[PDB]
Student: 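Below is one structure. I have some questions about it.
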Number of protein chains: 2
Amino acid sequence: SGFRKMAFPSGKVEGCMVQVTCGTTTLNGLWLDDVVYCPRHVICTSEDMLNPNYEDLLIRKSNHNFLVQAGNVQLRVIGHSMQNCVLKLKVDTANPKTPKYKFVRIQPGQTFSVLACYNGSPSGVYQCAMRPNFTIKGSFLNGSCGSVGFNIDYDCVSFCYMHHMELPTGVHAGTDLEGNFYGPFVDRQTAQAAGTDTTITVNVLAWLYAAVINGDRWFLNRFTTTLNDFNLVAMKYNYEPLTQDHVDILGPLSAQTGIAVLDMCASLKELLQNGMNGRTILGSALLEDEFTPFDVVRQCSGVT
Amino acid sequence: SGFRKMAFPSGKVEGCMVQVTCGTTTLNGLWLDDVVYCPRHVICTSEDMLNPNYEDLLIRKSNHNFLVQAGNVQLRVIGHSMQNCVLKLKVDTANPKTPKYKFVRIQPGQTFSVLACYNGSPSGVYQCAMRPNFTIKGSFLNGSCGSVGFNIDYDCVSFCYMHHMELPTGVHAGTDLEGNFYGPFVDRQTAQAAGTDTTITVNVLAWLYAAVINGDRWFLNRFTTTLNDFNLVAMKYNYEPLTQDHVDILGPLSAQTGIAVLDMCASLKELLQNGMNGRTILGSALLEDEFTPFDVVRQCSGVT
Ligand SMILES: C[C@H]1CN(C(=O)Cn2cccn2)CCO1
Ligand SMILES: C[C@H]1CN(C(=O)Cn2cccn2)CCO1
């Protein structure tokens with residue numbers, strides 16, 4: 001029993017983290033096979049960052065200008081290329097700790113683990129969600145860029161995020177490992193405002209299921225609803241619309257608990273309209289939306 | 001910016017987790033040097049657990065009855081001993097991945113990371129606190145016993161917890177790595193009720209400091225208080241008494257923010273008496289108490 005905000009074990013990713021230095025900028029790189037992946041803004045002065053022309057800045061950079069340190073040993077850079085907003089530094093040594101891996105681009109509402117690193121060294125691990133506005137709410141200080149987000153699915157480390165930026169509102173923006181930003185964000189120190197940070201409804205419902213499975217049941221009510229009725233209330237509360245695809249995804253949790261998904265929607269509707277009245281669910285005073293239905297099943301079943 | 005419930009990177013502990021089987025009970029062991037540490041209840045039938053005599057049950061056990069598997073390779077058990085509520089299984093192979101380590105017994109209010117494991121395989125990592133009633137609020141399914149709690153301090157993995165039990169109220173009890181339970185709990189399937197789960201005041205104050213450092217400042221008020229005045233309100237709200245030792249520990253966060261500790265106490269006092277009024281602090285609708293002052297400094301400074 002018990003339900004925790006749980007990250008994946010980070011060891012497989014720890015073994016991939018290196019330090020990348022260009023001039024006096026140090027940040028983190030990801031070493032898979034004989035490639036090191038890092039934010040292309042490693043090449044920028046903080047002045048460069050106001051309006052960087054990356055292709056022009058890169059002309060001034062040779063392989064020997066990229067210093068890559070794995071622990072306290074230097075890796076030899078034998079090639080570099082820019083792919084979207086990441087650099088790929090080809091090194092002469094394959095990472096001997098390279099796990100089985102994939103690069104995946106996740107959808108808003110999908111969760112992942114972040115291994116926060118500084119100078120290529122792991123400081124901590126936490127669980128994030130890709131917000132509906134394509135920001136994440138991380139914990140990232142200067143030096144943390146190139147820290148990665150990942151899931152460990154089916155004996156494969158799926159890398160989904162690399163840290164690039166903090167917006168003026170202190171939320172975070174980054175890329176997939178092909179260097180494509182999530183959302184409309186750019187690696188430039190300019191006015192970038194995030195859109196509405198809506199609640200990930202399907203994740204809230206998953207977490208209410210987790211709550212019932214762990215004996216937190218006070219919020220279960222005598223009502224049901226329809227997707228259309230529920231969605232009218234969701235819209236009003238800045239919740240994401242629930243689709244039949246979401247209802248299908250919650251099927252296994254519905255089965256396990258015997259609570260129809262639309263009944264749980266009507267319980268969520270009353271929680272929105274009535275509030276928590278000073279009560280908690282799984283030790284939270286607000287409705288948690290950074291657990292996917294897959295996360296709830298995984299944690300409630302003990303997958304390794 | 002940003003402040004996350006962050007666990008230590010788990011790789012150093014992942015490399016220590018093994019499977020221990022006695023008859024048809026499988027749980028987790030910790031492999032350091034040539035010793036495997038596991039809950040002594042590995043030897044019990046679920047019937048045994050109602051009133052176990054461990055010394056008597058152990059007479060029936062030989063080295064060859066303890067099956068220890070590290071990945072998919074069997075370790076040879078060449079000795080076993082009971083120390084308090086743990087077994088120490090001496091194996092013929094030193095763990096080649098043994099990190100620098102210490103065994104420490106933590107105090108209530110101290111936080112640590114748990115690597116939840118099943119069949120000796122890591123499933124996830126999360127941050128816990130030793131509650132003032134010497135329980136933890138974990139996430140532990142059948143098979144998770146022998147999962148460990150740890151801190152990584154000063155290039156040393158300090159193991160502080162091994163999972164043994166779930167109480168009927170679904171909170172958790174375990175031992176240090178010398179096999180001594182935290183609190184009054186025993187490894188027997190009997191009525192064990194936890195005491196008052198008080199809020200860890202010094203940790204709440206640390207987290208309010210973290211909130212100010214990360215720009216969440218709405219709760220800062222125009223008042224101060226004294227330890228005695230504050231403690232009268234704390235007592236009423238089931239908060240731990242604040243001591244001058246706690247005030248001293250918060251000194252660096254006071255200095256960094258320029259908010260006197262007693263001013264922050266008076267802000268906390270108003271939050272208790274007035275409530276959150278539907279507002280959040282660092283994305284929480286309740287006052288978080290599972291960050292120590294050391295955790296706030298570490299995360300706000302980027303220690304690796
Ligand atoms: C030779 C490498 C392989 N490693 C793995 O994690 C393999 N792996 C990935 C997913 C499942 N298993 C890390 C350390 O050394
Ligand atoms: C030979 C072992 C050593 N390991 C360490 O983590 C060492 N270490 C502990 C604290 C800081 N460093 C794990 C893998 O192989």
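Each ligand, and each atom within it, is numbered from 1 in the order the structure gives. These values consider heavy atoms only, across backbone and side chains, with no hydrogens, waters or symmetry-generated copies. Within every chain, numbering begins at 1; the chains are lettered A, B, ... in the order of the sequence lines, protein sequences first and strands thereafter.
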Student: Taking all heavy atoms of B/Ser123 and all of B/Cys117, pick out the closest pair and write down the distance.
Tutor: OG-N, 4.1 Å
Student: What residue pairs, at least two apart or across chains, pass ring pair (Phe, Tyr, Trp, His ring centres under 6.0 Å) with a residue in residues 84-108 of chain A?
Tutor: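 Passing the test, one end in residues 84-108 of chain A: A/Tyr37-A/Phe103, A/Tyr101-A/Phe103.
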Student: Would you give the length of the straight line joining atom CG of A/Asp289 to atom CG of A/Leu205, rounded to the nearest 0.5 angstrom?
Tutor: 11.0 Å
Student: Around ligand 1, what residues show up once you keep those with a heavy atom under 4.0 Å from it?
Tutor: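 Residues near ligand 1: A/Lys12, A/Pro96, A/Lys97, A/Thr98, A/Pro99, A/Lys100, A/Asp155.
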Student: Heavy-atom distance under 4.5 Å between the side chains of B/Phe8 and B/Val125, does that happen here?
Tutor: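 B/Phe8 does not reach B/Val125 side chain to side chain.
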Student: Tell me which pairs pass side chain to side chain donor-acceptor pair (under 3.5 Å) where either residue lies in residues 290-304 of chain A, with sequence neighbours left out.
Tutor: A/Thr111-A/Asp295, A/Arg131-A/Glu290, A/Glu290-B/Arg4, A/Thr292-A/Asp295, A/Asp295-A/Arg298, A/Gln299-B/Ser139
Student: Ring pair (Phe, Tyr, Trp, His ring centres under 6.0 Å) with B/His80: which residues, sequence neighbours excluded?
Tutor: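 Scan of B/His80 (ring pair (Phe, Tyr, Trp, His ring centres under 6.0 Å), adjacent residues dropped) gives B/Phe66.
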